[PDB]
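Residue numbers (mature numbering (1 follows the signal peptide of the UniProt record, and there is no 0)): 204 to 290.
From the three backbone atoms N, C-alpha and C, an ideal C-beta is built for every residue, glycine too.
Worksheet: the structure to be examined is printed underneath.
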């Protein structure tokens, strides 16, 4: 009944921090990410991240439900908020 997304900080650097988002229940989900400030992703595996504006979005390509993203500090650190939608 309803799905969720967990993001654990895997590697942390003094310039950028990676995150590990994942959803359980189904694989066809829409992981929306709300990057704070002007954060930008420079890497993504098991999922693609795109979308213009201050908000961010993620979509599955056909692999699983566990993917990671590379956020850049750029004067920030708080990870983004993921939300599963489409179940």
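Using CA atoms only, rank isn't needed, just tell me which of the options is closest to residue i.
i	options	result
residue 230	222, 250, 214, 259	250
residue 245	218, 264, 234, 233	218
residue 270	279, 236, 276	236
residue 279	216, 252, 223, 227	216
residue 224	289, 247, 264, 255	247
Alpha carbon to alpha carbon, how far is residue j from residue i? Give it in angstroms, no decimals.
i	j	result
residue 281	residue 239	7 Å
residue 213	residue 232	22 Å
residue 205	residue 221	26 Å
residue 226	residue 208	5 Å
residue 272	residue 263	13 Å
Buried or exposed for residue i, please, with buried defined as at least 16 other CB atoms from any protein chain shown within 10 angstroms of its CB.
i	result
residue 268	buried
Please confirm if residue i has its CB atom under 8 Å from at least one CB of chain E.
i	result
residue 258	No chain E is present in this structure, which holds just one protein chain.
- request: Could you name each continuous beta strand (DSSP E) segment of 3 residues or more that falls completely within the region 262-287, going from the start of the chain to the end?
  value: Listed in chain order, the beta strand (DSSP E) runs fully inside the region 262-287 are 269-275, counting runs of at least 3 residues.
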